[PDB]
Number of protein chains: 2
Amino acid sequence: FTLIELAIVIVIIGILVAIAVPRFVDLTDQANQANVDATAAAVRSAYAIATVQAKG
Amino acid sequence: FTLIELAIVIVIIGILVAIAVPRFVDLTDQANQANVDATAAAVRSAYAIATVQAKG
C-alpha cells in the first residue's frame, strides 16, 4: 500500500471508531416477571376450566 | 359472565333439578262421587220438606 492510502486509513479508522455502541443489558428480570404473570393468567384460566370439568 | 359464574350455575342447576315434583291426578271421580252423595242428601231433605208443603 502507498503511504497516502495508509494515511487515509489512519484518518478513517479514527472516525469509524468514536461512534456510540449499545450496552448489552441483563433484561432477564423484566422478561422473567412477564413470564410469571403470563403463566399466572394461564393457571387462572386452567383452574376455571377445571371447575367445569370437575363439576365442583 | 365469567367462566367461574357459569361453572357455579352449571352446578346449581343440576341440584335444583332432581327434586321431587307432584303428579297432577284426575281426582274428578272422587269429587263427582261426593257431589252426587251431597246432592242425594239435598234431594232427601227437599222431599221431606215437600211432604209437609203437600200435606201428603
Side-chain angles (χ1 to χ4, degrees):
Chain A
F1 312 125
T2 64
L3 188 53
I4 295 295
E5 179 175 357
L6 299 170
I8 295 281
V9 163
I10 286 161
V11 167
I12 294 174
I13 290 164
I15 299 168
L16 298 193
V17 177
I19 58 164
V21 63
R23 298 197 202 282
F24 188 92
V25 174
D26 182 6
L27 297 176
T28 63
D29 285 345
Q30 293 84 358
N32 283 336
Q33 183 60 48
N35 179 295
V36 164
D37 290 331
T39 300
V43 173
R44 285 171 165 164
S45 300
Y47 177 92
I49 296 161
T51 67
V52 182
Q53 292 177 310
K55 207 191 281 170
Chain B
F1 312 125
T2 64
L3 188 51
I4 296 295
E5 179 175 357
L6 299 169
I8 295 281
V9 163
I10 286 161
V11 166
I12 294 174
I13 290 165
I15 299 168
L16 298 192
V17 177
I19 58 164
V21 63
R23 298 181 200 278
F24 188 91
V25 174
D26 182 6
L27 298 174
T28 63
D29 286 345
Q30 293 84 359
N32 283 336
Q33 183 59 47
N35 179 295
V36 164
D37 289 331
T39 300
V43 173
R44 285 171 164 164
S45 300
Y47 177 93
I49 296 161
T51 67
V52 182
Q53 292 177 309
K55 206 192 280 174

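In what follows, chains are A, B, ... by sequence order, proteins preceding strands, each numbered from 1.
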For B:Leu16, is the CG atom crowded, meaning more than 12 foreign heavy atoms sit under 6.0 Å from it?
yes
Could you list who else is in B:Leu6's hydrophobic cluster, with ILVMFWY side chains joined at under 4.5 Å, directly or through other members?
B:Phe1
Using only non-hydrogen atoms and a strict under-4.5 angstrom cutoff, which residues of residues 36-49 of chain A touch chain B?
A:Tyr47, A:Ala48, A:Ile49
Exactly one candidate in A:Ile8, A:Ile15, A:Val9 meets side chain to side chain contact (heavy atoms under 4.5 Å, CB included) with A:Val11; the answer is A:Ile15
